[PDB]
Colleague: 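Please see the structure below; I have some questions.
Computation of the quantities below employed the complete heavy-atom set of this structure, encompassing side-chain atoms and omitting hydrogens, waters and symmetry-equivalent molecules. Position 1 is the first residue of the sequence, and the numbers go up from there.
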Amino acid sequence: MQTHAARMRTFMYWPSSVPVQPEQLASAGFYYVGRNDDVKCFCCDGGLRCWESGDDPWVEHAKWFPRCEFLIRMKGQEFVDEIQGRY
Ligand SMILES: [Zn+2]
């Protein structure tokens, strides 16, 4: 699940009702595990479910799994710090 294309392919059977797009999930390192709306990050193995309207996957990534190596490398410690309430 190291590549964007491999993560995107797992969303081929992603439910239509979920108000979060596969493109944005896969960019933030998530892939659909083929269960409800459960996704896991390829890097930290952080699991996320119950995706609501207006959810930004990068924000959810930094909110619940701030120590993820991929999240830090892509978004940076400053972004992670902000999401954790540190300005
Ligand atoms: Zn992660």
Side-chain angles (χ1 to χ4, degrees), residues 1-8 10-11 13-20 22-23 25-34 36-51 53-68 70-77 79-87:
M1 300 284 165
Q2 311 308 290
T3 50
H4 193 271
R7 296 193 292 274
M8 282 296 275
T10 75
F11 288 106
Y13 306 126
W14 180 251
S16 62
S17 63
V18 193
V20 184
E23 195 281 309
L25 288 157
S27 295
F30 300 112
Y31 60 95
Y32 180 47
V33 298
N36 322 324
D37 76 331
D38 304 340
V39 298
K40 284 248 181 175
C41 162
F42 82 98
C43 175
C44 71
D45 206 27
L48 286 177
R49 61 164 67 152
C50 303
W51 292 90
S53 193
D55 266 19
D56 179 351
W58 275 129
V59 174
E60 296 311 298
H61 208 149
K63 197 191 288 173
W64 304 110
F65 316 107
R67 310 266 171 204
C68 177
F70 172 78
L71 163 82
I72 298 157
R73 192 183 64 81
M74 294 309 283
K75 299 302 275 195
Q77 199 49 61
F79 174 86
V80 175
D81 281 0
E82 284 172 50
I83 304 307
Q84 286 293 306
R86 309 181 288 259
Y87 290 98

Colleague: How about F79 and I72: do any of their side-chain heavy atoms sit closer than 4.5 Å?
Modeller: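 The answer is no, as the side chains (C-beta and beyond) never meet within the 4.5 Å cut-off.
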Colleague: For residues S53 and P19, report the shortest heavy-atom separation together with the two atoms involved.
Modeller: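 Here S53 and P19 meet closest at N-CG, 3.6 Å.
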Colleague: So do the side chains of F11 and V39 get within less than 4.5 Å of each other, counting heavy atoms only?
Modeller: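 In short, these two side chains touch, coming nearer than 4.5 Å.
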Colleague: So which heavy atom on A28 is nearest to which on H61, and how close?
Modeller: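 What the structure gives for the nearest pair is O-ND1, 2.8 Å.
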Colleague: Using side-chain heavy atoms (C-beta onward) and a distance below 4.5 Å, is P57 in contact with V20?
Modeller: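 Heavy-atom side-chain distance check passes, below 4.5 Å.
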Colleague: Of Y32, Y31, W51, which meets ring pair (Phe, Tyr, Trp, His ring centres under 6.0 Å) against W14?
Modeller: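 Going through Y32, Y31, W51 one by one, the ring pair (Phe, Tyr, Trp, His ring centres under 6.0 Å) with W14 is satisfied by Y32 alone.
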Colleague: Got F30 and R7 here, is their nearest side-chain heavy-atom distance under 4.5 Å?
Modeller: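 No, too far: nothing below the 4.5 Å cut-off.
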Colleague: Output the distance between atom CZ (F65) and atom SG (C41), rounded to the nearest 0.5 Å.
Modeller: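 If we round to the nearest 0.5 Å, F65:CZ and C41:SG are 8.5 Å apart.
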Colleague: Could you tell me the separation between the CG atom of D55 and the CG atom of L48, rounded to the nearest 0.5 Å?
Modeller: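 Answer for the CG-CG pair, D55 versus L48, is 9.0 Å.
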Colleague: If you compare all heavy atoms of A26 against all heavy atoms of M8, which two are closest, and at what distance to 0.1 Å?
Modeller: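 Between these two residues, the closest heavy atoms are CB-SD, 3.6 Å.
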Colleague: So do the side chains of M74 and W58 get within less than 4.5 Å of each other, counting heavy atoms only?
Modeller: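 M74 reaches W58 side chain to side chain.
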Colleague: So, for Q84 and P66, which heavy atoms are closest and what is the spacing to 0.1 Å?
Modeller: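 Taking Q84 first and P66 second, the nearest heavy atoms are NE2-CG, 3.9 Å.
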Colleague: Looking at NZ of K75 and CD of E82, how far apart are the two atoms once the value is rounded to the nearest 0.5 Å?
Modeller: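 These two atoms lie 10.0 Å from each other.
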Colleague: Please confirm whether the backbone N or O of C50 pairs with a side-chain atom of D37, one donor and one acceptor, at under 3.5 Å?
Modeller: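 Yes: the side chain of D37 pairs with the backbone of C50.
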